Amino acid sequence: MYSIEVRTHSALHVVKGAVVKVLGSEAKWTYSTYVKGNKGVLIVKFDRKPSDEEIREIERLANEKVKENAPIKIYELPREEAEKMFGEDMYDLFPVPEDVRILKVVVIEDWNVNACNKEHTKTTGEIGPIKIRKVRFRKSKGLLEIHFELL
């Protein structure tokens, strides 16, 4: 089976996709992410605190993607090829340093594309129900934190 950490990290990709679907391209750049147990935190560059409605919709879409049990594809490509294939969208706010010449790219079709070297579940269904616990907007820094728990 997959550890709760691997499942929670995989959830970050699902939640990020939902975030972009609801908030739009203005929220496409991830500042950072981290997992501790069954708790995951996604921080993206954004300019406002979403409404409770928007937060609920992000949660709904995330769970719906998990329910769809879509495959989580992993691409291991030379950096140059990865860029031609996925473009800038595969990067986070801070692009992978140039000394890294081979990239592993995670892909959830029409949902999320991200250069990531961590371990993931094979499908989104293996993640399980997700619950957003806290959302915090840091105005000065222009960062939106989404704290969730994998039930």
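Position 1 is the first residue in the sequence shown; the rest follow in order.
According to the deposited model, is the average Cα temperature factor higher in 124 to 132 or in 16 to 24? It is 124 to 132 that shows the higher mean C-alpha B-factor.
Compare the mean C-alpha B-factor of 40 to 48 with that of 53 to 61 as given in the PDB entry, and name the stretch with the higher value. Comparing averages over the C-alpha atoms only gives 53 to 61.
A70 - which third its CA temperature factor falls in, relative to the rest of the chain: Highest third, going by the recorded CA B-factors of the chain.
In terms of the chain's CA B-factor thirds, is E119 lowest, middle or highest? Answer is highest: the recorded C-alpha B-factor places it there.
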